[PDB]
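Below: the structure, in structure tokens.
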Amino acid sequence: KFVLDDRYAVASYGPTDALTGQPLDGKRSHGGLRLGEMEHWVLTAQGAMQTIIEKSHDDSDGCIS
Amino acid sequence: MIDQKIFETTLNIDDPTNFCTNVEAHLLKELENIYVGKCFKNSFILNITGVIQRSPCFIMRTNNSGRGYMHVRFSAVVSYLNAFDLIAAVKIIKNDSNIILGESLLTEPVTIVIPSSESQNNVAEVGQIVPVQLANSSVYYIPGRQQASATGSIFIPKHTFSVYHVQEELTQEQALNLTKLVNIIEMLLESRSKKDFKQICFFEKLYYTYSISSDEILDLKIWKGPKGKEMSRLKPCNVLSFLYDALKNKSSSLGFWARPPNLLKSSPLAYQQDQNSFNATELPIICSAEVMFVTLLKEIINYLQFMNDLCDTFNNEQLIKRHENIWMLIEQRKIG
């Protein structure tokens with residue numbers, strides 16, 4: 001196990017899924033990292049809703065319907 | 001016609017701090033910029049009269065921008081066009097390819113499609129202001145469009161008319177709803193009084209079903225105009241006087257109300273018959289006094305506005321010279 005292989009950092013732009021519009025999964029696909037529902041539970045518990053908007057709408061799929 | 005309507009919408013504010021400095025002025029400016037000159041809620045917005053109600057400048061929760069929003073209820077002046085409305089000025093942009101259409105040149109923008117089926121429609125030429133009457137189909141106010149869409153044909157006064165039977169006596173305290181409209185017609189007649197009588201006579205005898213050059217002028221202080229034919233030597237009654245009779249509270253509303261083709265349409269006169277003395281092209285409609293009176297008043301207002309607009313838009317004898325061919329279409333169709 002090497003640190004250089006494990007590390008990953010991604011900026012705003014990258015490949016996106018065709019169906020859901022979300023970032024492609026993982027580092028192999030050059031996409032974003034996952035904030036599962038446990039992370040959402042923790043952020044909700046802390047009351048961090050502007051952070052949730054920033055991460056799950058702007059960084060993830062987000063659209064004016 | 002021009003009317004007062006109340007809408008309620010939500011306005012997005014990009015800079016709430018600057019917006020709130022003069023809330024009333026900024027709200028009026030935004031409403032004028034967004035809604036004036038566009039079709040909304042089946043109505044064409046002409047101007048914004050005022051803001052009846054509003055809400056505090058909230059801040060958008062869902063997005064992370066500081067932008068705000070404001071619920072605003074505003075009263076505006078709108079133009080709604082029914083069936084059979086008469087538009088004096090309609091310029092034909094493209095009379096070709098067996099399709100015809102023209103744009104209105106009045107305070108209420110409209111795009112009218114004129115079919116090529118009728119010969120009179122084919123006769124009209126481009127760049128010519130031709131009077132038009134909208135068809136029986138309703139006017140399509142597509143939201144966001146800067147002009148209404150409709151279908152119409154060159155106005156040719158039709159000989160077939162209708163007879164209305166009133167089964168209920170005059171509605172009591174609805175005479176005020178009718179009075180709201182008598183005021184509009186009074187304003188129209190005052191406007192007509194200003195312009196010259198000769199042009200009015202020219203257009204009236206052009207669009208009079210039974211053309212009369214006798215130069216005999218029926219004189220009514222509110223309305224003056226060349227006289228027509230007499231059917232059964234019957235006596236018409238002025239609608240304005242009968243409405244004024246509301247103070248008496250007795251108006252003999254039951255009698256059949258009808259306006260024969262001879263009777264000048266702009267003239268407030270209408271014939272009242274105890275029986276169906278008027279020939280019934282169709283079985284007399286069984287309608288209440290409200291429906292009838294509103295209908296007759298609407299028809300006379302439409303015709304009066306048509307005549308004022310005709311006089312105003314054809315104020316040049318040379319334009320009349322160009323449009324004498326349209327006049328010839330109407331005259332040839334006219335019978336008596």
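In the structure tokens, each chain is lettered A, B, ... as it comes, each chain's residues begin at 1, and ligands are numbered from 1 in order of appearance.
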Q: At a cut-off of 10 Å, list the chain B residues touching chain A, using only C-alpha atoms, as a PyMOL selection string.
A: chain B and resi 61-64
Output file for the selection above: C-alpha atoms, as a PDB file, in the first residue's frame:
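Output file part10.pdb is given in full below:
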ATOM      1  CA  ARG B  61     -32.997  29.261   1.213  1.00  0.00           C
ATOM      2  CA  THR B  62     -32.454  26.580  -1.415  1.00  0.00           C
ATOM      3  CA  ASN B  63     -29.560  28.304  -3.200  1.00  0.00           C
ATOM      4  CA  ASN B  64     -26.402  29.670  -1.595  1.00  0.00           C
TER       5      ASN B  64
END
Q: Go through segment 139-323 of chain B and collect every residue that DSSP, computed from the backbone, puts in alpha helix (DSSP H); the answer should be as JSON, numbers by chain.
A: {"B": [175, 176, 177, 178, 179, 180, 181, 182, 183, 184, 185, 186, 187, 188, 189, 190, 191, 192, 193, 194, 197, 198, 199, 200, 201, 202, 203, 204, 205, 206, 207, 239, 240, 241, 242, 243, 244, 289, 290, 291, 292, 293, 294, 295, 296, 297, 298, 299, 300, 301, 302, 303, 304, 305, 306, 307, 308, 309, 310, 311, 312, 313, 317, 318, 319, 320, 321, 322, 323]}
Q | A:29, A:65, A:56, A:44 ranked by distance to residue 10 of chain A, top pick (using only C-alpha atoms) | A | A:29
Q: List the neighbours of segment 279-285 of chain B out to 10 Å using only C-alpha atoms; skip same-chain residues closer than 3 positions along the sequence, and give me the result as a VMD selection string.
A: chain B and resid 159 to 166 256 to 258 260 276 288 292
Put those residues in a file: C-alpha atoms, as a short mmCIF file (atom, residue, chain, number, x, y, z; two decimals), in the first residue's frame.
data_model
loop_
_atom_site.label_atom_id
_atom_site.label_comp_id
_atom_site.auth_asym_id
_atom_site.auth_seq_id
_atom_site.Cartn_x
_atom_site.Cartn_y
_atom_site.Cartn_z
CA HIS B 159 -77.52 40.57 -42.70
CA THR B 160 -78.39 37.73 -40.32
CA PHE B 161 -79.18 38.97 -36.80
CA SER B 162 -80.52 37.51 -33.56
CA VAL B 163 -83.51 38.18 -31.31
CA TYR B 164 -83.24 37.96 -27.52
CA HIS B 165 -86.13 37.14 -25.18
CA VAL B 166 -86.03 38.39 -21.58
CA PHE B 256 -87.99 41.13 -26.88
CA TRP B 257 -84.86 43.25 -27.34
CA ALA B 258 -83.48 43.28 -30.88
CA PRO B 260 -82.33 45.04 -36.90
CA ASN B 276 -91.55 38.15 -32.09
CA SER B 288 -81.99 36.76 -18.71
CA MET B 292 -79.09 40.50 -23.03
#
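Closest approach to residue 238 of chain B from the set B:174, B:267, B:213, B:262 is made by B:267, with distances taken over only C-alpha atoms.
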Identify, on the basis of only C-alpha atoms, every residue whose closest approach to segment 295-301 of chain B does not exceed 8 Å; exclude the query and any residue fewer than 5 positions from it along the same chain; express the result as a tab-separated table (two decimals) with C-alpha atoms, in the first residue's frame.
chain	number	residue	atom	x	y	z
B	181	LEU	CA	-70.68	49.89	-18.90
B	182	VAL	CA	-72.97	52.80	-19.78
B	184	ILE	CA	-67.68	53.41	-20.92
B	185	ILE	CA	-70.05	53.95	-23.83
B	188	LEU	CA	-66.70	56.59	-26.26
B	265	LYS	CA	-75.27	49.78	-34.77
B	266	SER	CA	-73.44	52.68	-33.13
B	267	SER	CA	-76.80	54.27	-32.34
B	268	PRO	CA	-78.04	53.30	-28.84
Q | Every residue of chain A that DSSP places in strand (DSSP E or B), as a PyMOL selection string | A | chain A and resi 16+23+25+32
Could you write out the selected residues, including N, CA, C and O atoms, as a compact mmCIF listing (two decimals), in the first residue's frame?
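Once written, out.txt looks like this:
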# COMPACT_ATOMS: atom_id res chain seq x y z
N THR A 16 -18.95 13.43 -15.66
CA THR A 16 -20.21 13.32 -14.95
C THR A 16 -21.02 12.16 -15.52
O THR A 16 -20.93 11.84 -16.71
N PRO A 23 -21.08 13.40 -10.44
CA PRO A 23 -19.71 13.03 -10.80
C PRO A 23 -19.56 11.52 -10.92
O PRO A 23 -20.18 10.75 -10.19
N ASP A 25 -17.89 7.87 -10.46
CA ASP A 25 -17.47 7.31 -9.19
C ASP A 25 -15.96 7.08 -9.18
O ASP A 25 -15.39 6.55 -10.14
N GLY A 32 -15.60 12.45 -8.80
CA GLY A 32 -15.57 12.92 -7.43
C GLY A 32 -15.66 11.79 -6.42
O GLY A 32 -15.78 10.62 -6.75
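For residue 30 of chain B, the list of residues within 12 Å, based on only C-alpha atoms and with local chain neighbours fewer than 4 positions off taken out, reads residues 9, 10, 11, 12, 13, 14, 19, 23, 24, 25, 26, 34, 35, 36, 48, 51, 70, 72 and 74 of chain B.
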**Q.** Two-atom distance - atom CA of residue 112 of chain B, atom CA of residue 132 of chain B (Å)
**A.** 8.6 Å
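For the residues B:78, B:175, B:124, B:170, ranking by smallest atom-to-atom distance to residue 4 of chain B using only C-alpha atoms places B:78 first.
The nearest approach to residue 61 of chain A among the residues A:34, A:47, A:27, A:17, with only C-alpha atoms taken into account, belongs to A:17.
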Q: Mind checking which residues fall within 8 Å of residue 83 of chain B, counting only C-alpha atoms, ignoring those fewer than 6 positions away in the same chain, and posting them as a ChimeraX atom specification?
A: /B:134-139
Emit the selected residues as a PDB file, in the first residue's frame, including N, CA, C and O atoms.
ATOM      1  N   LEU B 134     -62.659  40.012 -35.777  1.00  0.00           N
ATOM      2  CA  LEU B 134     -62.165  38.726 -35.305  1.00  0.00           C
ATOM      3  C   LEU B 134     -63.254  37.667 -35.411  1.00  0.00           C
ATOM      4  O   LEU B 134     -64.438  37.943 -35.198  1.00  0.00           O
ATOM      5  N   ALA B 135     -62.844  36.443 -35.744  1.00  0.00           N
ATOM      6  CA  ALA B 135     -63.783  35.340 -35.906  1.00  0.00           C
ATOM      7  C   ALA B 135     -64.419  34.952 -34.578  1.00  0.00           C
ATOM      8  O   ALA B 135     -64.087  35.519 -33.531  1.00  0.00           O
ATOM      9  N   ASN B 136     -65.339  33.984 -34.612  1.00  0.00           N
ATOM     10  CA  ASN B 136     -66.005  33.542 -33.393  1.00  0.00           C
ATOM     11  C   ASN B 136     -65.068  32.810 -32.443  1.00  0.00           C
ATOM     12  O   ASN B 136     -65.402  32.657 -31.263  1.00  0.00           O
ATOM     13  N   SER B 137     -63.916  32.350 -32.919  1.00  0.00           N
ATOM     14  CA  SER B 137     -62.986  31.656 -32.045  1.00  0.00           C
ATOM     15  C   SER B 137     -62.365  32.623 -31.045  1.00  0.00           C
ATOM     16  O   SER B 137     -62.171  33.809 -31.328  1.00  0.00           O
ATOM     17  N   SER B 138     -62.046  32.101 -29.864  1.00  0.00           N
ATOM     18  CA  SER B 138     -61.464  32.924 -28.818  1.00  0.00           C
ATOM     19  C   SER B 138     -60.042  33.333 -29.189  1.00  0.00           C
ATOM     20  O   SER B 138     -59.354  32.666 -29.966  1.00  0.00           O
ATOM     21  N   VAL B 139     -59.605  34.452 -28.620  1.00  0.00           N
ATOM     22  CA  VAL B 139     -58.265  34.968 -28.882  1.00  0.00           C
ATOM     23  C   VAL B 139     -57.265  34.211 -28.019  1.00  0.00           C
ATOM     24  O   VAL B 139     -57.488  34.003 -26.821  1.00  0.00           O
TER      25      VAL B 139
END
